[PDB]
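In the form deposited in one PDB entry, a lone chain appears below as structure tokens.
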């Protein structure tokens, strides 16, 4: 960076020189009228070149050389080290007329060199490197650079700032700035609701960190100390990327020069750092489970016992929650979504919370919390796929899946606010599916993903009505038509539901053929958008009843919405027709899954209610370890 500094004759110009720049200096304007040639002297640590018509020659500290005065003959002035108290850094230009060799006048330039660098961890290793040449830009990918900021998801203490990003103003120079200069850190009005910055303003009086930049504070004057100094700042993100906010914010430092009263100060030098605020990332079922969270009524004893036994097979911890006045019976599934954020050498799980009636809970200090309508707004209507590659395009964090209706249908859709939020995170490249054929309208009623044990691969599990009808027709042919559904649920008994009764219900057959079309439309989108083939899919038997809106509700519990802990699957107990004292649905599902090394445990969430009307009264959710792949190494498509 070249900076213009002009001389003034019979006089002196004093300037601050910032290392990393150089000055170009007009000597011709300060020349007295009638002056013909000039000569110059300079101090030891100032380097001076005479540049005439583009050609630069180095000039000695004291030579007697003279050059013709011309507007196209200028000086270039460079300094490689900061001034100290021992410095006298200067350049002196002498002017001559034709008549003689004694100077007729002189113009000086007195310099104070300082180093000023606003530094951040741009190379993404957790340490703040000195003046990364790329710190003012932010690029994606394995070779990408620029600093990363976490949203704060939770006078100040340093301990409380542990989650924030460090930013360091590094300076070097003499005891004080020359008269009429100051250093100011600042942000734009636009970024003021995106960031905050903390600093100890008065270190002689204690360690108190104060909030110096953010809402209503756009600039802060920072004190200069001499010698080699560092000022430590902590920076927080205030919000995630969203529809109108890309995630990028900038912070500037400027050396300002006082001109006079009533006139703005001149920005002599400006240094800039950029941060990207880390996106919220959802964890698919293939990631290692850490904790299992469940909610149910206190007396659903079978559910609790069976979930405990499942979790005991694993190294996971179980967290049990009961029901709240402000939340649905499924809230741990519907109102909470587990995700994470990550920065170099920092990261934590972050829960999205959308309470049904609003907030009046939380499990643990380890989590960050982001707190916010149709049933499509539920987090039961959100899933995320395992990492996939689709037609050469890699989605290393997987893709978020959101249930919706057909574009021209006039049906329900998840609120734009949430859809836009998920899209703005960019790294999970969301896909809309079709959930609106379901009364409740959640993708988790029809699909799930499971890892294939001993491999790096996974399966898509799809609810299938065709599979249920095939199985029931086989069992009927085998002489089992009188086999009864819902054994042990006393509130169902009077209905006497048998395989025969189901198969003879003509309207129900038609309804379920239609629901199979709905499932298949989704199957196709999933195969297209996830790059899946038929070998990646297993169909689980399912059955639905139709409501007045022509929408589906489960006839028996949807087995697809299951607890996935690696090889171990907690599967809703279906209460299917008993053949030889085993549920034919359980046996069929075992026959599909067990050969793949998956271990099935059926979990009874309905016995405590004595019947099943299509609604499940419990919920589960799993906190998982984040992906090994660092999100900033992705190269998302440009928008």
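Take the two forms, superpose them, and find the largest set of C-alpha atoms that agree within 1.5 Å; that set is the rigid core. Positions refer to the first chain, counted from 1.
One more form of this protein should be noted, the form deposited in another entry, which is absent from this view; the next part is about it.
Option from 390, 248, 200, 168 moving between the shown form and the other one, CA shift at or above 2 Å, rigid core reference:
Of all the options, the C-alpha that shifts by at least 2 Å belongs to 200.
Is residue 366 one of the residues whose C-alpha moves 2 Å or more between the shown form and the other one after the core fit?
Residue 366: C-alpha displaced by 2 Å or more between the shown form and the other one.
Indicate closer or farther: the Cα atoms of residue 181 and residue 203, in that other deposited form, relative to the displayed form, with a change of 3 Å or more.
It is farther: in that other deposited form, the C-alpha atoms of residue 181 and residue 203 lie at least 3 Å more apart than they do here.
Out of closer and farther, which fits the Cα atoms of residue 177 and residue 207 in that other deposited form compared with this form, where the change is 3 Å or more?
Residues separate in that other deposited form, at least 3 Å farther apart.
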